[PDB]
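Enquirer: structure of the sequence below:
(one chain, ligands or ions: 1)
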Amino acid sequence: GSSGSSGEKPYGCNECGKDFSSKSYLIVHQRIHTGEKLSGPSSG
Ligand SMILES: [Zn+2]
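Expert: Numbers count the residues shown, from 1 in each chain. I have put the structure below:
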């Protein structure tokens, strides 16, 4: 006996290992990662 699907925090971040209760909260977070261009003073 159950009303219906009881999904909870189905989304997560593998990059770091976080968990969000919404696809948005995640997509917004994952951002903190991306944005790392190669062009830099420490090429090697
Ligand atoms: Zn992350």
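Enquirer: may I ask you to confirm that residue 30 is in contact with residue 14?
Expert: No. Counting by Cβ atoms under 8 Å, residue 30 stays clear of residue 14, with 9.4 Å between them. From N, CA and C alone the C-beta is placed, and that goes for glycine too.
Enquirer: so which of these two has more stuff around it?
Expert: More crowded of residue 30 and residue 14, by other Cβ atoms under 10 Å: residue 30, with 15 against 7.
Enquirer: where's residue 44 relative to residue 38, distance?
Expert: 11 Å (Cβ to Cβ, to the nearest Å).
Enquirer: no wait, residue 11
Expert: Residue 11 is 29 Å from residue 38, by Cβ to Cβ.
Enquirer: show me which of these two is the more surrounded one.
Expert: Between residue 11 and residue 38, counted using other Cβ under 10 Å, the more crowded position is residue 11 (16 against 5).
Enquirer: give me the neighbour count for the spatially closest residue to the more buried one that is not a sequence neighbour.
Expert: Excluding the flanking residues, the one nearest residue 11 by Cβ to Cβ, 6 or more residues apart in numbering is residue 26, at 4.7 Å. For residue 26, the tally of surrounding residues (other Cβ under 10 Å) stands at 18.
Enquirer: which strands or helices does the helix or strand residue 26 falls within pack on?
Expert: Per DSSP states H and E, residue 26 falls inside helix 23-30. On a contact count with 3 or more Cβ pairs under 8 Å, 6 or more residues apart in numbering; DSSP states H and E, helix 23-30 meets strand 11-13, strand 18-20.
Enquirer: can you give me the buried ones in that helix?
Expert: residue 26 (16 or more other Cβ atoms under 10 Å).
Enquirer: so what touches that helix?
Expert: Among residues not part of helix 23-30, those counted as contacts by Cβ atoms under 8 Å, 6 or more residues apart in numbering are 11-13, 15, 18, 20.
Enquirer: who in the chain is up against the ion?
Expert: Residues of the chain that fall close to the ion, judged by Cβ under 5 Å from the ion: 13, 15-16, 18.
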